[PDB]
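J.: After the structure tokens below, expect a handful of questions from me.
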Amino acid sequence: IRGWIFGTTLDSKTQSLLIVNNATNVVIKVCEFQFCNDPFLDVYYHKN
Amino acid sequence: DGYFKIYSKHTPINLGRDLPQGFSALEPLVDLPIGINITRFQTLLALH
Amino acid sequence: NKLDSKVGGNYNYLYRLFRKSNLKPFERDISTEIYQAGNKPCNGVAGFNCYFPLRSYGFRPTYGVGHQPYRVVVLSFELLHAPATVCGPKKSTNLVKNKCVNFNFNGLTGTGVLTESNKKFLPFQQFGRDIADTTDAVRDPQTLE
Amino acid sequence: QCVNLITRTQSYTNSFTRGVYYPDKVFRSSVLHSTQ
Ligand SMILES: *[C@@H]1O[C@H](CO)[C@@H](O[C@@H]2O[C@H](CO)[C@@H](O[C@H]3O[C@H](CO)[C@@H](O)[C@H](O)[C@@H]3O)[C@H](O)[C@H]2NC(C)=O)[C@H](O)[C@H]1NC(C)=O
Ligand SMILES: *[C@@H]1O[C@H](CO)[C@@H](O[C@@H]2O[C@H](CO)[C@@H](O[C@H]3O[C@H](CO)[C@@H](O)[C@H](O)[C@@H]3O)[C@H](O)[C@H]2NC(C)=O)[C@H](O)[C@H]1NC(C)=O
Ligand SMILES: *[C@@H]1O[C@H](CO)[C@@H](O)[C@H](O)[C@H]1NC(C)=O
């Protein structure tokens with residue numbers, strides 16, 4: 001469990017707040033995001 | 001007033017049950033004025 | 001007008017005549033959706049007596065005085081309650097203890113003796129208060145004790 | 001990549017004494033403080 005979305009409409013019609021955490025430091029941004037009905041994070045071993 | 005306030009805590013707990021009877025207050029940790037409406041929210045899961 | 005007005009006009013200074021209700025304090029709305037100023041559902045880019053936000057001012061230099069551009073800045077701030085980070089060009093003195101002095105800490109002026117406390121302030125706290133609602137302890141802003 | 005995946009189910013619980021927080025950034029000790 002790592003972060004949150006907060007907003008009024010979540011579909012880029014108006015601005016909305018995103019909080020994301022990871023292994024160190026957090027990022028916060030307020031934007032006209034078009035979120036996905038399921039916002040989630042993937043972290044995986046990239047061979048390259 | 002357009003200001004988004006974040007408070008938090010963590011506490012070790014013995015395996016009676018989560019949300020145990022007892023006490024601990026949340027300290028303020030982050031603050032930021034988004035200057036927008038909020039009506040709804042969700043949370044980011046991290047899949048492996 | 002000397003730098004924001006133009007003889008062709010400067011119609012990029014948009015303002016909103018219409019909103020479904022009055023917004024609260026320090027809130028800006030930039031959504032471009034049609035407003036139902038007609039009694040029936042105006043949908044899409046147009047409708048009967050219906051609008052987007054209002055057309056900008058004719059910011060033309062000849063318009064006349066009190067009616068041309070006026071650049072405004074409003075400085076909104078709070079003070080005397082919390083760990084400060086922006087202030088006036090006043091010099092710090094050295095700190096003296098166990099003697100009666102007119103102190104000032106981050107603009108908190110007063111008269112008293114300053115002493116080594118035994119108080120565990122949490123990092124977010126600048127001032128400590130009493131039953132009479134007056135400051136009886138303070139965290140020095142140069143060396144954190 | 002607009003994937004659906006989250007299967008969320010819920011129950012209900014008593015939050016006995018939890019979620020109290022320091023109401024303002026002023027130090028206070030050995031006192032009972034009434035705050036709204
Ligand atoms: C947790 O996720 C953070 C992003 O959500 C991530 O922050 C990003 O870190 C990288 C590497 O420091 C930055 O990349 C930039 O680094 C320099 C800037 O001069 C350039 O050489 C690069 O081309 C690139 O621009 C990102 O800018 C930075 N993102 C933000 C929003 O600050 C953290 O590093 C992640 N933490 C861990 C432990 O992985
Ligand atoms: C913050 O965002 C909220 C969601 O956009 C918004 O609430 C919405 O307000 C409008 C206007 O009151 C409602 O519109 C409906 O109002 C009544 C029914 O309640 C009808 O007469 C109208 O035809 C229309 O259907 C929205 O339904 C309402 N939505 C919710 C979830 O409450 C707030 O007004 C916004 N506040 C600010 C300051 O921007
Ligand atoms: C005063 O400013 C200098 C330069 O930034 C800094 O090295 C010093 O630590 C400051 N004084 C105190 C008491 O921290």
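Scheme for the structure tokens: letters A, B, ... for chains in order shown; per-chain residue numbers from 1; ligand numbers from 1 in order shown.
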Skip region 28-40 of chain B itself and residues of its chain fewer than 4 positions away, then list as a list in words all residues within 8 Å of it, counting only C-alpha atoms.

T.: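 Once the adjacent positions are removed, what remains is residues 6, 7, 8, 9, 15, 16, 17 and 30 of chain A; 1, 2, 3, 4, 5, 6, 7 and 8 of chain B; 26, 27, 28, 29 and 124 of chain C; 21 and 22 of chain D.
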
J.: Output N, CA and C atoms of each residue in that selection to a file, as a PDB file, in the first residue's frame.

T.:
```pdb
ATOM      1  N   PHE A   6      -6.738  12.141  -4.715  1.00  0.00           N
ATOM      2  CA  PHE A   6      -7.855  12.923  -4.184  1.00  0.00           C
ATOM      3  C   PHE A   6      -8.356  13.866  -5.275  1.00  0.00           C
ATOM      4  N   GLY A   7      -9.661  14.032  -5.451  1.00  0.00           N
ATOM      5  CA  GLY A   7     -10.160  14.902  -6.516  1.00  0.00           C
ATOM      6  C   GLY A   7     -11.658  15.124  -6.468  1.00  0.00           C
ATOM      7  N   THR A   8     -12.176  15.945  -7.380  1.00  0.00           N
ATOM      8  CA  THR A   8     -13.634  16.074  -7.561  1.00  0.00           C
ATOM      9  C   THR A   8     -14.190  15.230  -8.718  1.00  0.00           C
ATOM     10  N   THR A   9     -13.453  15.087  -9.833  1.00  0.00           N
ATOM     11  CA  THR A   9     -13.972  14.445 -11.068  1.00  0.00           C
ATOM     12  C   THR A   9     -13.065  13.361 -11.687  1.00  0.00           C
ATOM     13  N   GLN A  15      -8.788  19.881 -12.449  1.00  0.00           N
ATOM     14  CA  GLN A  15      -7.583  19.465 -11.722  1.00  0.00           C
ATOM     15  C   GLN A  15      -7.892  18.456 -10.592  1.00  0.00           C
ATOM     16  N   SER A  16      -6.898  17.649 -10.215  1.00  0.00           N
ATOM     17  CA  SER A  16      -6.993  16.581  -9.207  1.00  0.00           C
ATOM     18  C   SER A  16      -5.611  16.256  -8.629  1.00  0.00           C
ATOM     19  N   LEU A  17      -5.545  15.758  -7.399  1.00  0.00           N
ATOM     20  CA  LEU A  17      -4.326  15.575  -6.610  1.00  0.00           C
ATOM     21  C   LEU A  17      -3.880  14.108  -6.681  1.00  0.00           C
ATOM     22  N   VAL A  30      -0.687  18.166  -8.608  1.00  0.00           N
ATOM     23  CA  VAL A  30      -2.088  18.489  -8.899  1.00  0.00           C
ATOM     24  C   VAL A  30      -2.250  18.857 -10.367  1.00  0.00           C
TER      25      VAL A  30
ATOM     26  N   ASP B   1      -9.790  25.582   3.603  1.00  0.00           N
ATOM     27  CA  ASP B   1      -9.363  26.855   2.987  1.00  0.00           C
ATOM     28  C   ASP B   1      -8.408  26.705   1.776  1.00  0.00           C
ATOM     29  N   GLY B   2      -8.544  25.604   1.024  1.00  0.00           N
ATOM     30  CA  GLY B   2      -7.686  25.259  -0.120  1.00  0.00           C
ATOM     31  C   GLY B   2      -6.349  24.610   0.260  1.00  0.00           C
ATOM     32  N   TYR B   3      -6.130  24.356   1.550  1.00  0.00           N
ATOM     33  CA  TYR B   3      -4.901  23.830   2.125  1.00  0.00           C
ATOM     34  C   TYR B   3      -5.093  22.358   2.519  1.00  0.00           C
ATOM     35  N   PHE B   4      -4.247  21.461   1.998  1.00  0.00           N
ATOM     36  CA  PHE B   4      -4.359  20.016   2.207  1.00  0.00           C
ATOM     37  C   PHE B   4      -3.348  19.548   3.263  1.00  0.00           C
ATOM     38  N   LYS B   5      -3.837  19.185   4.451  1.00  0.00           N
ATOM     39  CA  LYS B   5      -3.024  18.895   5.640  1.00  0.00           C
ATOM     40  C   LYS B   5      -2.923  17.399   5.875  1.00  0.00           C
ATOM     41  N   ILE B   6      -1.710  16.907   6.105  1.00  0.00           N
ATOM     42  CA  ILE B   6      -1.433  15.492   6.354  1.00  0.00           C
ATOM     43  C   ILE B   6      -0.771  15.312   7.725  1.00  0.00           C
ATOM     44  N   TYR B   7      -1.367  14.459   8.555  1.00  0.00           N
ATOM     45  CA  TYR B   7      -0.868  14.036   9.869  1.00  0.00           C
ATOM     46  C   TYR B   7      -0.672  12.523   9.855  1.00  0.00           C
ATOM     47  N   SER B   8       0.272  11.960  10.603  1.00  0.00           N
ATOM     48  CA  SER B   8       0.418  10.501  10.669  1.00  0.00           C
ATOM     49  C   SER B   8       1.195   9.992  11.885  1.00  0.00           C
TER      50      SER B   8
ATOM     51  N   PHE C  26      -9.505  31.325  -1.802  1.00  0.00           N
ATOM     52  CA  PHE C  26      -8.273  30.897  -2.483  1.00  0.00           C
ATOM     53  C   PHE C  26      -8.505  29.653  -3.372  1.00  0.00           C
ATOM     54  N   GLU C  27      -9.486  29.757  -4.262  1.00  0.00           N
ATOM     55  CA  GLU C  27      -9.821  28.665  -5.166  1.00  0.00           C
ATOM     56  C   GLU C  27      -9.955  29.168  -6.597  1.00  0.00           C
ATOM     57  N   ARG C  28      -9.247  28.521  -7.516  1.00  0.00           N
ATOM     58  CA  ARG C  28      -9.285  28.909  -8.919  1.00  0.00           C
ATOM     59  C   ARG C  28      -9.850  27.797  -9.794  1.00  0.00           C
ATOM     60  N   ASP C  29     -10.809  28.152 -10.642  1.00  0.00           N
ATOM     61  CA  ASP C  29     -11.430  27.193 -11.543  1.00  0.00           C
ATOM     62  C   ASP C  29     -11.062  27.542 -12.979  1.00  0.00           C
ATOM     63  N   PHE C 124       8.025  19.966  14.956  1.00  0.00           N
ATOM     64  CA  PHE C 124       7.105  20.894  14.289  1.00  0.00           C
ATOM     65  C   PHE C 124       6.688  22.109  15.145  1.00  0.00           C
TER      66      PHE C 124
ATOM     67  N   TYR D  21      -5.194  13.634  16.914  1.00  0.00           N
ATOM     68  CA  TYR D  21      -3.991  14.276  16.376  1.00  0.00           C
ATOM     69  C   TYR D  21      -3.705  15.604  17.073  1.00  0.00           C
ATOM     70  N   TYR D  22      -2.446  16.049  17.074  1.00  0.00           N
ATOM     71  CA  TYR D  22      -2.078  17.336  17.667  1.00  0.00           C
ATOM     72  C   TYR D  22      -2.755  18.479  16.895  1.00  0.00           C
TER      73      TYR D  22
END
```

J.: From chain C, collect each residue whose DSSP state is strand (DSSP E or B) and return the set as an NGL selection string.

T.: :C and (15 or 35 or 51 or 54 or 100-105 or 108-113 or 127-129 or 135-138)

J.: What does the file look like for those residues with N, CA, C and O atoms, as a compact mmCIF listing (two decimals), in the first residue's frame?

T.:
```
# COMPACT_ATOMS: atom_id res chain seq x y z
N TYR C 15 -11.77 36.57 -17.71
CA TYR C 15 -12.44 36.58 -16.41
C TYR C 15 -13.82 35.89 -16.47
O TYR C 15 -14.54 35.94 -17.47
N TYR C 35 -22.04 27.12 -19.62
CA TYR C 35 -22.89 27.52 -18.50
C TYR C 35 -24.32 27.80 -18.97
O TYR C 35 -24.56 28.59 -19.89
N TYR C 51 -23.21 30.44 -22.26
CA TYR C 51 -21.87 31.02 -22.41
C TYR C 51 -20.75 30.14 -21.83
O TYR C 51 -20.98 29.34 -20.93
N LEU C 54 -16.38 34.90 -19.50
CA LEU C 54 -16.69 36.14 -20.23
C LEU C 54 -15.52 36.58 -21.12
O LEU C 54 -14.35 36.34 -20.80
N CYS C 100 17.43 39.71 32.77
CA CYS C 100 16.22 40.35 32.26
C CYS C 100 16.50 41.12 30.97
O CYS C 100 17.36 42.00 30.96
N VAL C 101 15.74 40.85 29.90
CA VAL C 101 15.94 41.44 28.57
C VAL C 101 14.63 41.68 27.84
O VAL C 101 13.63 41.00 28.09
N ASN C 102 14.62 42.64 26.91
CA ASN C 102 13.57 42.74 25.90
C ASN C 102 13.91 41.78 24.76
O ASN C 102 14.73 42.11 23.91
N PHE C 103 13.34 40.58 24.76
CA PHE C 103 13.56 39.62 23.69
C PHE C 103 12.65 39.88 22.48
O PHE C 103 11.58 40.47 22.57
N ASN C 104 13.05 39.32 21.35
CA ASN C 104 12.25 39.12 20.16
C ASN C 104 12.68 37.80 19.51
O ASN C 104 13.85 37.65 19.16
N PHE C 105 11.77 36.85 19.36
CA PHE C 105 12.00 35.60 18.63
C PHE C 105 11.04 35.53 17.44
O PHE C 105 9.84 35.40 17.63
N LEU C 108 8.06 37.62 17.84
CA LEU C 108 7.44 37.52 19.17
C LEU C 108 8.21 38.39 20.18
O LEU C 108 9.12 37.92 20.86
N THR C 109 7.86 39.67 20.27
CA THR C 109 8.47 40.61 21.22
C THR C 109 7.97 40.37 22.64
O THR C 109 6.78 40.11 22.85
N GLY C 110 8.83 40.53 23.65
CA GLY C 110 8.42 40.51 25.05
C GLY C 110 9.55 40.85 26.01
O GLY C 110 10.68 41.11 25.59
N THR C 111 9.26 40.86 27.31
CA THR C 111 10.24 41.17 28.36
C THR C 111 10.32 40.00 29.34
O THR C 111 9.30 39.55 29.85
N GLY C 112 11.52 39.50 29.62
CA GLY C 112 11.70 38.37 30.53
C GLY C 112 13.15 37.93 30.68
O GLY C 112 14.04 38.48 30.04
N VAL C 113 13.37 36.93 31.53
CA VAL C 113 14.63 36.18 31.63
C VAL C 113 14.50 34.91 30.80
O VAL C 113 13.46 34.25 30.81
N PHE C 127 6.77 27.41 19.58
CA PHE C 127 6.40 28.10 20.82
C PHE C 127 5.68 27.15 21.78
O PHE C 127 4.96 26.26 21.36
N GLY C 128 5.88 27.35 23.08
CA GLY C 128 5.18 26.63 24.15
C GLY C 128 4.42 27.59 25.04
O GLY C 128 4.88 28.71 25.28
N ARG C 129 3.15 27.25 25.29
CA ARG C 129 2.14 28.08 25.97
C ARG C 129 1.62 27.65 27.35
O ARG C 129 1.79 26.50 27.73
N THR C 135 3.07 32.80 25.83
CA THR C 135 4.23 31.96 25.48
C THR C 135 5.21 31.91 26.64
O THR C 135 5.78 32.93 27.01
N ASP C 136 5.45 30.72 27.20
CA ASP C 136 6.39 30.50 28.30
C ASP C 136 7.65 29.73 27.89
O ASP C 136 8.58 29.63 28.69
N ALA C 137 7.72 29.23 26.66
CA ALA C 137 8.93 28.63 26.10
C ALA C 137 9.02 28.86 24.59
O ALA C 137 8.00 29.04 23.92
N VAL C 138 10.23 28.85 24.04
CA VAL C 138 10.48 29.12 22.62
C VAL C 138 11.68 28.33 22.12
O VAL C 138 12.63 28.09 22.87
```

J.: Neighbouring residues of residue 3 (chain D) were defined as those with any atom within 10 Å, considering only C-alpha atoms; residues of the same chain fewer than 6 positions away were excluded. Please report them as number ranges by chain.

T.: A: 36-40

J.: Residues of chain D within 12 Å of chain C, using only C-alpha atoms, as a list in words?

T.: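 Listed by rising number, the hits are residues 22, 23, 24, 25, 26, 27, 28, 29, 30, 31, 32, 33 and 34 of chain D.
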
J.: Since we have the selection now, will you write its residues out, keeping C-alpha atoms, as a PDB file, in the first residue's frame?

T.:
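Below is the file selection_7.pdb, written as the result:
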```pdb
ATOM      1  CA  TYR D  22      -2.078  17.336  17.667  1.00  0.00           C
ATOM      2  CA  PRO D  23      -4.600  20.102  16.775  1.00  0.00           C
ATOM      3  CA  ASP D  24      -2.053  22.971  16.402  1.00  0.00           C
ATOM      4  CA  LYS D  25       1.769  23.424  16.478  1.00  0.00           C
ATOM      5  CA  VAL D  26       2.090  24.813  20.060  1.00  0.00           C
ATOM      6  CA  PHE D  27       3.735  22.892  22.944  1.00  0.00           C
ATOM      7  CA  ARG D  28       1.577  22.233  26.047  1.00  0.00           C
ATOM      8  CA  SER D  29       2.073  19.941  29.095  1.00  0.00           C
ATOM      9  CA  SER D  30       0.214  18.820  32.269  1.00  0.00           C
ATOM     10  CA  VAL D  31      -3.041  20.425  31.016  1.00  0.00           C
ATOM     11  CA  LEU D  32      -6.477  19.404  29.708  1.00  0.00           C
ATOM     12  CA  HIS D  33      -7.146  21.336  26.468  1.00  0.00           C
ATOM     13  CA  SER D  34     -10.616  21.827  24.919  1.00  0.00           C
TER      14      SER D  34
END
```

J.: Kindly work out which residues sit at most 6 Å from ligand 1, using only C-alpha atoms and all ligand atoms, and give the list as a PDB file with C-alpha atoms, in the first residue's frame.

T.:
```
ATOM      1  CA  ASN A  22       8.091   4.282  -3.429  1.00  0.00           C
ATOM      2  CA  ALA A  23      11.269   2.860  -1.729  1.00  0.00           C
ATOM      3  CA  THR A  24      12.528   6.493  -0.901  1.00  0.00           C
ATOM      4  CA  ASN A  25      10.976  10.028  -1.281  1.00  0.00           C
ATOM      5  CA  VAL A  27       5.967  12.877  -5.244  1.00  0.00           C
TER       6      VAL A  27
END
```

J.: Enumerate, in order of chain and increasing residue number, the residues of chain C with an atom no farther than 9 Å from ligand 3, each with its shortest atom pair and distance in Å to one decimal, counting only C-alpha atoms and all ligand atoms, as a Markdown table.

T.:
```
| residue | atom | partner | partner_atom_place_in_ligand_line | distance |
| --- | --- | --- | --- | --- |
| C:141 | CA | ligand 3 | 13 (C) | 8.3 |
| C:142 | CA | ligand 3 | 13 (C) | 4.5 |
| C:143 | CA | ligand 3 | 13 (C) | 4.8 |
| C:144 | CA | ligand 3 | 14 (O) | 8.3 |
```

J.: Show which residues sit within 8 Å of residue 42 (chain A), as a PDB file with C-alpha atoms, in the first residue's frame. Count only C-alpha atoms, and ignore same-chain residues fewer than 4 positions away.

T.:
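File produced: part.pdb:
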```pdb
ATOM      1  CA  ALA B  46       1.981  -2.031  -5.499  1.00  0.00           C
ATOM      2  CA  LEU B  47       1.875  -5.426  -7.295  1.00  0.00           C
ATOM      3  CA  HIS B  48       5.127  -7.416  -7.560  1.00  0.00           C
TER       4      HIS B  48
END
```

J.: For chain A, report every residue with an atom at most 10 Å from chain C (counting only C-alpha atoms), formatted as a PDB file with N, CA and C atoms, in the first residue's frame.

T.:
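Result saved to iface_37.pdb:
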```pdb
ATOM      1  N   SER A  12      -9.803  14.470 -16.044  1.00  0.00           N
ATOM      2  CA  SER A  12      -9.184  15.628 -16.718  1.00  0.00           C
ATOM      3  C   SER A  12     -10.103  16.825 -17.034  1.00  0.00           C
ATOM      4  N   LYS A  13     -11.408  16.771 -16.731  1.00  0.00           N
ATOM      5  CA  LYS A  13     -12.325  17.924 -16.861  1.00  0.00           C
ATOM      6  C   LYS A  13     -11.989  19.056 -15.883  1.00  0.00           C
ATOM      7  N   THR A  14     -11.379  18.715 -14.747  1.00  0.00           N
ATOM      8  CA  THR A  14     -10.888  19.631 -13.703  1.00  0.00           C
ATOM      9  C   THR A  14      -9.621  19.043 -13.066  1.00  0.00           C
ATOM     10  N   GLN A  15      -8.788  19.881 -12.449  1.00  0.00           N
ATOM     11  CA  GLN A  15      -7.583  19.465 -11.722  1.00  0.00           C
ATOM     12  C   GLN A  15      -7.892  18.456 -10.592  1.00  0.00           C
ATOM     13  N   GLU A  32      -4.885  18.093 -14.261  1.00  0.00           N
ATOM     14  CA  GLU A  32      -5.956  17.477 -15.051  1.00  0.00           C
ATOM     15  C   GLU A  32      -5.535  16.070 -15.537  1.00  0.00           C
TER      16      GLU A  32
END
```

J.: Between D:17, D:1, D:35, D:10, which has the minimum distance to chain A (counting only C-alpha atoms)?

T.: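 Closest to chain A, using only C-alpha atoms: D:1.
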
J.: For CA of residue 59 (chain C) and CA of residue 4 (chain C), quote the distance in Å rounded to one decimal.

T.: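 We find that CA of residue 59 (chain C) and CA of residue 4 (chain C) lie 7.8 Å from each other.
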
J.: Tell me which protein, DNA and RNA residues are within 10 Å of residue 3 (chain A), counting only C-alpha atoms, leaving out same-chain ones fewer than 5 positions away, and put them as a ChimeraX atom specification.

T.: /A:18-22,26-28,40-41 /B:42-46

J.: I need the chosen residues saved as an mmCIF file, in the first residue's frame, with C-alpha atoms.

T.:
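Listing of out11.cif after writing:
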```
data_model
loop_
_atom_site.group_PDB
_atom_site.id
_atom_site.type_symbol
_atom_site.label_atom_id
_atom_site.label_comp_id
_atom_site.auth_asym_id
_atom_site.auth_seq_id
_atom_site.Cartn_x
_atom_site.Cartn_y
_atom_site.Cartn_z
ATOM 1 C CA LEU A 18 -1.952 12.582 -6.911
ATOM 2 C CA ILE A 19 0.331 11.314 -4.075
ATOM 3 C CA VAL A 20 2.820 8.519 -4.934
ATOM 4 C CA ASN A 21 5.351 6.871 -2.587
ATOM 5 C CA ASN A 22 8.091 4.282 -3.429
ATOM 6 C CA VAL A 26 7.353 10.926 -2.254
ATOM 7 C CA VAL A 27 5.967 12.877 -5.244
ATOM 8 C CA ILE A 28 2.840 15.075 -5.075
ATOM 9 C CA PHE A 40 -2.229 1.010 -9.367
ATOM 10 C CA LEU A 41 1.580 0.617 -9.312
ATOM 11 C CA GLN B 42 -8.648 6.242 -3.816
ATOM 12 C CA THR B 43 -5.352 4.381 -2.993
ATOM 13 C CA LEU B 44 -2.343 2.937 -4.952
ATOM 14 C CA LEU B 45 -1.504 -0.766 -4.492
ATOM 15 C CA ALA B 46 1.981 -2.031 -5.499
#
```

J.: Quick check: residues of chain B within 10 Å of chain D, only C-alpha atoms, returned as a ChimeraX atom specification.

T.: /B:7-9,18-28,45

J.: Between CA of residue 36 (chain C) and CA of residue 49 (chain C), what is the distance in Å, rounded to a tenth?

T.: 7.9 Å

J.: Hey, can you check how far CA of residue 66 (chain C) sits from CA of residue 3 (chain C)?

T.: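 So the two atoms, CA of residue 66 (chain C) and CA of residue 3 (chain C), lie 15.8 Å apart.
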